[PDB]
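Trainee: Quick one, structure for this:
(chains A and B)
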Amino acid sequence: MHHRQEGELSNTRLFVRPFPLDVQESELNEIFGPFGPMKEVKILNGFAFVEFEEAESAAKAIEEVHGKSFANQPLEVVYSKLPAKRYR
RNA sequence: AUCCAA
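Mentor: Residues are numbered from 1 along each chain as shown, chains lettered A, B, ... in the order given. Next up is the structure itself:
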């Protein structure tokens, strides 16, 4: 498969889906926040990316938020594409 | 409703 869908995922950058078209960063901060200090959040059309300041925090938020109720259905949580690959 | 950032 092409590298657009393959590569090493970050232990801190989480993928979250499915989402409604009305999810908010304030919702995910209450769900994922109790798992450690968060680095960044971004909500999008069908998903969001929740990053942690620690790998153990994100790894726990997967093992705890994966399969939780949101928009009347169980969502999923797993590792997402690695951040900070941008040039410098 | 399934990968965007940096």
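Trainee: Not counting residues beside it along the chain, what's closest to the residue in chain A that RNA strand B sits nearest to?
Mentor: Closest approach between chain A and RNA strand B, counting by C-beta to the nearest atom of the strand: residue A:46, at 2.4 Å. Bear in mind the C-beta positions are built from the backbone N, C-alpha and C, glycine included. Excluding the flanking residues, the one nearest residue A:46 by C-beta to C-beta, 6 or more residues apart in numbering is residue A:19, at 5.8 Å.
Trainee: tell me the contacts of the one you found?
Mentor: A:43-44, A:46-48, A:70-71, A:75 (C-beta atoms under 8 Å, 6 or more residues apart in numbering).
Trainee: and which of those residues is nearest residue A:4?
Mentor: Closest approach between the contacts of residue A:19 and residue A:4, by C-beta to C-beta: residue A:47, at 15.5 Å.
Trainee: For that closest one, which non-adjacent residue is closest in space?
Mentor: Residue A:47 sits nearest to residue A:17 (C-beta to C-beta, 6+ apart), 4.3 Å away.
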